[PDB]
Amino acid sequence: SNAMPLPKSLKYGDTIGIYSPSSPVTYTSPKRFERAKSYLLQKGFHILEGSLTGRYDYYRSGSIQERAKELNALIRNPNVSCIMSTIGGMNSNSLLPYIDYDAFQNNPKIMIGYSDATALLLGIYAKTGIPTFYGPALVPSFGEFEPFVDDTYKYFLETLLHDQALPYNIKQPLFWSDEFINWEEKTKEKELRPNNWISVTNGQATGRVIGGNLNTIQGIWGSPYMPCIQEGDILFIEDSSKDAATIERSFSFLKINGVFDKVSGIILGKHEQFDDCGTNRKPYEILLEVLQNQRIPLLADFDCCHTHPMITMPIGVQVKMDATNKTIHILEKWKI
């Protein structure tokens, strides 16, 4: 395709602005927050704390208007190169009518986070056409103890800072964990589980990748902030810390919306701490029941979700997915 507007690559010493569009994690998990900031500061970045850092409004950081103001102040700040959520929650979608999309279009930046921040990552892409990034949120991702935080950091640098020739191969992490330990304080080493991706349904697909957190997508679906899924797109979806009933609802939501009639392939993230409700079924097995007799190439257990470590994934750019050989390549520039 034609060259398009893109954000500048991250550079050492750049300022990362952090904001809390939903849960007040900088108040409720202060140790992991302080550790995450120090991790990135020690690497040589600067952190600009958004205006709701340290504030507390129970389930949220502040009112809808306060949270929009926090994010817009970073969007409008020409000294900020990367805007990163501290954590998700449920309520990022409340901000969407109030975000300064024109200011973002005037001065594009790296927009990164995951889970509930999907509402904003997809909303910005929908309104501006600028690719956004499914990737680290400050406290869950960079507050992680060694060793996994170093793998997450490596992928973050490789995708956002290093120059990359195209096609850009996304390598499989060698080890993973989803253990529900070591949140504020470390009590033992997480298991270094040997890692694999899964070839659920063979084949290849090339298309624009669209998606993120599927639970969160249901809170923006149908609105101006949800990019239209187009014939040939690759669907990227993940859920984390849910159960079989919840993800069957979300998979059937996609099915009855015709999404599976359009997409050329599906990338499914790992499912942290999945509750199979006694069925012993895997998330991809429930998805495949929803798919019925429709064959779609499908690569599962992709490391772009709440499990550690986390890949940084551009959204809104052409990708090739090979479910038979379990490869993912990015085919279009996502940064200058």
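Heads up: residue numbers just count along the shown sequence, starting at 1.
So, looking at the entry's B-factor column for Cα atoms, which has the higher mean, 48 to 56 or 292 to 300? Comparing 48 to 56 with 292 to 300, the higher average CA B-factor belongs to 48 to 56.
Give the stretch, out of 2 to 10 and 326 to 334, with the larger mean C-alpha temperature factor in the deposited entry. That would be 2 to 10.
Candidate set 266, 229, 96, 214 [ranked by C-alpha B-factor, highest]: Reading the PDB entry, the winner on C-alpha B-factor is 229.
For the CA B factor values reported in this entry, which option in 108, 222, 123, 113 has the top one? Going by the entry's C-alpha B-factors, 108 comes out highest.
Among the modelled residues of its chain, does the C-alpha B-factor of residue 67 lie in the lowest, middle or highest third? According to the entry, residue 67 has a C-alpha B-factor in the chain's middle third.
Please say which third, lowest, middle or highest, residue 20 falls into when its CA temperature factor is compared across its chain. Tercile = middle for this residue's CA B-factor.
Pull the Cα B-factor of residue 145 out of the PDB entry and bin it into the chain's lowest, middle or highest third. Within its chain, residue 145 is a highest-third residue by C-alpha B-factor, going by the deposited values.
Check where residue 180 lands among this chain's C-alpha B-factors and tell me if it's the lowest, middle or highest third. Residue 180: CA B-factor falls in the highest third of its chain.
Looking at the C-alpha B-factor of residue 174, is it in the lowest, middle or highest third of its chain? Tercile = middle for this residue's CA B-factor.
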